[PDB]
Protein chains: 2
Amino acid sequence: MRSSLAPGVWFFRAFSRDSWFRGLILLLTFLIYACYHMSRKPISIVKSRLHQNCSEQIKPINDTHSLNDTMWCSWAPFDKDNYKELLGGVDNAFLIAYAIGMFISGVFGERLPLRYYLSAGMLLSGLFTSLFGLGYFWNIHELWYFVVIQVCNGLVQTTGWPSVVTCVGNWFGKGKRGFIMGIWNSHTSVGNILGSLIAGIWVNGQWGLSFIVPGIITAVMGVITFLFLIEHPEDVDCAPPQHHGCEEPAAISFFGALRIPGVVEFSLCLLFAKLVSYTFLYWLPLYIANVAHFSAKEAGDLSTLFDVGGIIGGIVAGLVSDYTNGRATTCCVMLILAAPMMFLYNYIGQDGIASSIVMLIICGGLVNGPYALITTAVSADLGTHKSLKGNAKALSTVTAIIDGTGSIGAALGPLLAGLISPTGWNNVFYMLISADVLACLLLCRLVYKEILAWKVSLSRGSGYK
Amino acid sequence: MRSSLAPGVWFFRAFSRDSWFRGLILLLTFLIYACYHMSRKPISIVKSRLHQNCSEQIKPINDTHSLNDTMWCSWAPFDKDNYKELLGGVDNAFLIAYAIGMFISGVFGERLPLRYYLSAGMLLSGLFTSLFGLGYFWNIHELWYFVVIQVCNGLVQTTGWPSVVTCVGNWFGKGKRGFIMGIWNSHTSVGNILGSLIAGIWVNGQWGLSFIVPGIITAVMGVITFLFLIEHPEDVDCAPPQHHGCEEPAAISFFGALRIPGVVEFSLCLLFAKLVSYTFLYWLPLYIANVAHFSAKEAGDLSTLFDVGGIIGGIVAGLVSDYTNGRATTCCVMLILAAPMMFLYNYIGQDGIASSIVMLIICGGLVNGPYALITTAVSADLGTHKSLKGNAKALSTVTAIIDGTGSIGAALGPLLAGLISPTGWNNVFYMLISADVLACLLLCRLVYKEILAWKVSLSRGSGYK
């Protein structure tokens, strides 16, 4: 009667139909790739329980029998002195088989329909984590069952990341890409926290129901992504995106995607940054133990503040790389200006709580900014490069190459950290410094290119059409 | 690529724009009137705690001092022997002032803009329950504070029900009204359960935070109803409803709404059904105590199964009243066939658990079916009667009359149940039987009318235009 329109409906009216499905696809492929990081965690928490020093344990009525072993308490293929030398046998049977699958199970994303290929992966990840969980209810005590699962569970969870920036690549253009897909990259830090929290419930008590419940959540999300994944903007008659600058294009060959002018240098740079991010997080508890004399209940908060700094860095490196028309030169500067900050953290870390946090957030925002910006912005940019000439299709091969060359370094992390550990606890830091200096060396051709690319438009004095 | 549209989007495409805002307004005015039943409960749970027999209580170091009173344990204006005779002084200071407000604070719904009138009530209900809750944090121990709140809290929570079937009246026609607004009437049973569950948390411990949290939830919902309540279908240019069978109409007078041909008989029938529904629920624990010798932990489930039977009855009486073109003749039959079922429950109740539930669900579905169908179907029907001739507006005066004449009987429930209780515990049952026989007597004119209304169309042999 005597009212105009309520301000909520007058606010939601202004967003046109263009900006509604483009807001749908972010909210959908945010949960789709958050469930993978939810279902990847719980081998990290159950790493602590499966071996216990049960000379300090309640109920010694399980036949100690003149000081025998830890058979009655710990799990039986992880009971003896090789528990540290077999857990590494388990997890390396994932990180290897995930970095071989990423080069191949992105190539199938070029050919198959994308929605079926995504749902037939999210209905198998939640089956294979669950079949890892089916050891407690059947009392399986052989080591060979617990490694042929995490191999077959490492060919399935490939299918996320080549088929998540394939959906987002088909809708968005060269608008504010580094900012949208920088805010959007909060899933790799909102997945870890919910993984550590949900799998933290059933740790002690009975541990079989710490894997099966994320394996149910992932396969439940695997059919909401079956019922609602609109791939192309023309299938529901929206507007097609910008120019990223008849017959539908068929495919691309794998070797034909290597000749794109950025895909080699933007991958053997990124292998030397995931290795830095693993080396630092492996090094930091061994640093704060023997020097800082610091409470270990807050180091778990430190290893979360590092990824919160990563969230901040994934947007700070995005805005600047948008408004300066160059993205390799942002990553090179934020890698060069990172090593004095980590050297200063090594020199100044003697404070307990106060000066540590502010020196740790900055080190979190300078080695996970340029890890984000090369796998969420230029990976959706080199795939839409002008040299494809429109008569091809390559967005799930460039992403596949960049992420597989990323995860090979994550596989070679523990294969080197345990090699220089007995020869000193400080060689790790020098390997970190060498890898971070070498990281801003592969980009040198692209930095040399983009300096001239700036100076062309500068020396013309606003050169235009 | 090689996929058609996903079945979720192909399912949601078929519902046109007509059936989207009409699905919005149910989901909105379901929560709007669920929050009132959420914020009406917690005087029921704290009725038990404020008086305690603390001769059976831990910590007697609060100066018993040669067997003194219950001063140290119970609350101070509810400590002596008159605790039963003052709690009734509190709650009757609500149910009276709610049944005087309903005749007047629906009439303001005719004049004011509806969205502002609803939000200025839901931002005061959550203030007045909260100011009832501000006694624990200030240690208020006078009886007169705890009755001038529940009077002023009983003029505010009037504004729900005349302004909830005013929104739903403007959208829906004579379609499947008795079925939609019968499924929709599940809020008066989904509110009670969440009220008993949320207020059940902070009972013992500290009880001040059992009122303030529902008073925060209601005033938070009071602005979501500010931002999103589209009243008329023409304000967002939808289709106007059916014919319920220029200048916008101004108003109606209060005495002018009484001359509608149903509004008198459909209210002094309903006062004699809420009284039946209160008398039965007051009578049933006194029945199962002295005869059945039954566990009192399941009587709380019995008093919920009665309202679940009410949910079933509110739909079973709706379908039949739609497909027989007569609604008073459904209520009369379901009231006449109710008293033999309650008499049979009185004669057969000696079983412990087995035969009691099936005889209680039926008694739940025959005295809360015809309480729903007269306040959610014919109240949105007599207001849209043909005798208004289109040049008036009366939907928040017919609802006001029917619900106020309903709640006067709920006020006269406890004003009579405590009057025949000392003269026997079985006079309550005879008062129930007398009221239920008298309930199907006020409808007799309308039953006599609708029998002829059927026989006109019957004796013509498919008489039509």
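As recorded in the PDB header, cryo-EM is the method behind this entry, and the stated resolution is 3.7 Å.

### Focus on the state of the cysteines
Residue and element names in this part refer to chain A. Summed over all chains, the structure comprises two disulfides over all chains. Between the sulfur of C54 and that of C73 lies a disulfide, 2.0 Å long from S to S. Residues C54 and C73 are joined by a disulfide whose S-S torsion is about -60°; by sign, that bridge is left-handed. One end of the pair, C54, is in the loop between α3 (46-49) and α4 (84-104); the other, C73, is in the loop between α3 and α4, with 19 residues separating them in the sequence.

### Overview of the interface of chain A and chain B
Facing the 28 residues of chain A at the interface are 28 residues of chain B. Contact between chain A and chain B buries roughly 2,100 Å² in total, counting both sides, with carbon and sulfur atoms accounting for 58%. When the area that chain A buries against chain B is broken down by residue, the three leading residues are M1, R2 and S3 of chain A, summing to 26%. At the junction of chain A and chain B, the tally comes to ten residue pairs in polar contact. Mapped onto the side of chain A that touches chain B, the elements with two or more residues apiece are α1 (7-12), α5 (108-111) and α11 (212-227) of chain A. For the side of chain A that touches chain B, the per-class residue count stands at 15 nonpolar, four polar and nine charged.

### Focus: the domain arrangement of chain A
Residue and element names in this part refer to chain A. When the domains of chain A are assigned, the result is domain 1 (21-46 + 81-245) and domain 2 (257-455). When each unit is reduced to the centre of its C-alpha atoms, the spacing between domain 1 and domain 2 is 22 Å. Between domain 1 and domain 2, the contact holds 31 residues from the first and 34 residues from the second. Counting each side, the surface lost to burial between domain 1 and domain 2 is near 2,700 Å², with a carbon and sulfur contribution of 59%. For domain 1, the biggest contributors to the area lost against domain 2 are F103, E110 and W161; these three give 21% of the whole. Applying the counting rule to domain 1 against domain 2 returns one salt bridge. A salt bridge links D381 to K174, with the nearest nitrogen and oxygen atoms 3.2 Å apart. Our count for the domain 1 to domain 2 interface comes out at eleven residue pairs in polar contact. If one sorts the elements of the side of domain 1 that touches domain 2 by residue count, α4 sits on top with seven residues. Classifying every residue of the side of domain 1 that touches domain 2 gives 15 nonpolar, twelve polar and four charged.

### Details of the packing of aromatic side chains
All names here are of chain B. With the rule as written, the count across this model stands at 48 aromatic pairs over all chains. Centroid distance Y116 to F226: 6.3 Å. Interplanar angle 25°. Geometry classified as stacked. Here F226 lies in helix α11 (residues 212-227) and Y116 lies in helix α6 (residues 114-133), a separation of 110 residues in the sequence. Considering the side-chain rings of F429 and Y430, the 6.3 Å spacing of their centres and the 75° angle between planes classify their relative orientation as edge-to-face. By relative accessible area, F429 is classed as buried at 4%. Taking the relative accessible area as the measure of exposure, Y430 reaches 55% and is therefore exposed.

### Here we look at the relation of the copies chain A and chain B
Of the transformation placing chain A onto chain B, the axial shift is 0.0 Å and the rotation is 180°, giving an RMSD of 0.0 Å. Expressed as an axis order, the relation between the two copies is that of a two-fold axis. Proximity to the rotation axis, assessed at the C-alpha, singles out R17 of chain A in chain A; its C-alpha lies 7.1 Å from the axis. Interface overlap between copies is the fraction of interface residues in one copy that are interface residues in the other; for chain A against chain B it reaches 100%, indicating a shared surface.

### Overview of the environment of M334 of chain B
Residue and element names in this part refer to chain B. Tracing the backbone shows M334 in helix α14 (residues 328-336). By relative accessible area, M334 is classed as buried at 14%. Placed 36 residues apart in sequence, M334 and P370 show a C-alpha to C-alpha distance of 7.1 Å.

### Quick notes on the side chain of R327 of chain A
Residue and element names in this part refer to chain A. Positionally, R327 belongs in the loop between α13 (299-322) and α14 (328-336). Polar side-chain contacts of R327 include one of 3.1 Å to the side chain of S321. One polar contact links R327 to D322, side chain to side chain, over a distance of 2.5 Å. Those residues in contact with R327, other than ones at most four positions away along the chain, are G178, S321, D322, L373, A377 and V378.

### Focus on the side chain of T166 of chain A
Residues and elements named next belong to chain A. Within the fold, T166 resides in the loop between α7 (145-152) and α8 (167-171). For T166, a relative accessible area of 10% corresponds to the buried category. Of the polar contacts made by the side chain of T166, one reaches the side chain of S396; its length is 2.3 Å. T166 has contacts with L114, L395 and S396, leaving out every residue within four places of it along the chain.

### Observations regarding the pattern of salt bridges
If charged atoms from side chains of opposite charge come close, those side chains can pair. All names here are of chain B. Throughout the structure, instances matching the rule amount to eight salt bridges over all chains. The partner of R327 in a salt bridge is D322, and the shortest N-O contact between them spans 2.5 Å. Residue class for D322 comes out partly exposed when judged on its relative accessible area of 21%.

What counts and how
- Residues numbered from 1 in each chain as written, not as in the entry; some residues may be left out.
- Chains lettered and ligands numbered in written order.
- Heavy atoms only, no water.
- Disulfide = S-S within 2.5 Å.
- Helix = DSSP H or I, 4+ residues; strand = E, 2+ residues; numbered from the N terminus.
- Contact = heavy atoms within 4.5 Å.
- Buried area = accessible area lost by both parts, 1.4 Å probe.
- Polar contact = N/O pair within 3.5 Å; in protein donor to acceptor, adjacent residues only side chain to side chain.
- Nonpolar A, V, L, I, M, F, W, Y, C, P; charged D, E, K, R; others polar.
- Domains from an automatic or database assignment.
- Salt bridge = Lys/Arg side-chain N within 4 Å of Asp/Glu carboxyl O.
- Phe/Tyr/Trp six-rings, centres within 6.5 Å; stacked < 30°, edge-to-face > 60°.
- Buried < 20%, exposed > 50% of the residue type's maximum accessible area, 1.4 Å probe, protein only.
- Least-squares fit on C-alpha atoms.

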